[PDB]
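What follows is a single chain, given as structure tokens, in the form deposited in one PDB entry.
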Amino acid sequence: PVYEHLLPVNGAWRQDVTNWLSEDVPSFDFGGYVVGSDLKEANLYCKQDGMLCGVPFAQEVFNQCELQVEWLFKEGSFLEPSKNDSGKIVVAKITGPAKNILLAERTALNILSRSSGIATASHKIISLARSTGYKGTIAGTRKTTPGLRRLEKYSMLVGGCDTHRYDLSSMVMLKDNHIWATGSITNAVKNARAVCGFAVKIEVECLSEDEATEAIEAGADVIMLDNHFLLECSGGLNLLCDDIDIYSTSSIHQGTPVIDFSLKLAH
């Protein structure tokens, strides 16, 4: 299977790319006027060790900027520029009008650097968890960057981690506020079940042990301890793995370091 197939042939995500382009040119592209439209060649370079992520998003930028691109690696490939003399690896060869290439360049690179960063941090944390013999899952959170949720979640997947719930519409998550708002975990779960129906799971944050058998009895699908039915642990921290099914961390995606990429025209 191919991760990029998760993105619909057309939909809001492609309009996002258009809006990212507009964010960079609200009036006129002066540099484009001076550089002209002569066809040029260019190489996209990965300048740091990490996993390549964000290909279809970057590809869409190149498409809208009407360029021709040849990716040298599959998305998800782990790149190691430091095995290099030069300190970099060309992951793509681009051709098109000079102005178009230079227009696409910053936006496309901002996508790759951040997407790869998330994937790399994601893969690092799961391979690490995997090394201890842990068989459960490491999941992300909803603490994503405003407007970039689709991209960051996608990166989590590429990095080999679980995405966790996409949004507030996705898998219901009940807490203290929800439980005493209805009267009991049983009431919270029932009301939640009354509207989400059978198609979506309900997760309840439980602090006690009798706060959790009731939820399980109410029909909850996932139980969270917070520092048939699955068990989740919310905190992360590191170095702790027991037999919980899910360990969640915003560490695989938030406040994450980027992987440096670059682009240079040939001649």
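Shifts are known only where both forms have a C-alpha. Heads up: residue numbers just count along the shown sequence, starting at 1. For clarity, a rigid core is taken as the largest C-alpha set superposing within 1.5 Å between two forms.
Same protein, other form: the form deposited in another entry, not shown, and the subject of what follows.
Only one of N177, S82, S169, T132 has its C-alpha shifted by 2 Å or more between the shown form and the other one once the core is superposed, and that residue is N177. Relative to what is shown, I179 and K201 are farther apart in that other deposited form; their C-alpha atoms differ in spacing by at least 3 Å.
In that other deposited form, the CA atoms of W180 and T141 come closer by at least 3 angstroms compared with the shown structure. Once both forms are overlaid on their core, the residue ranges between the shown form and the other one with Cα shifts reaching 2 Å in three or more consecutive positions are 175-182, 236-239.
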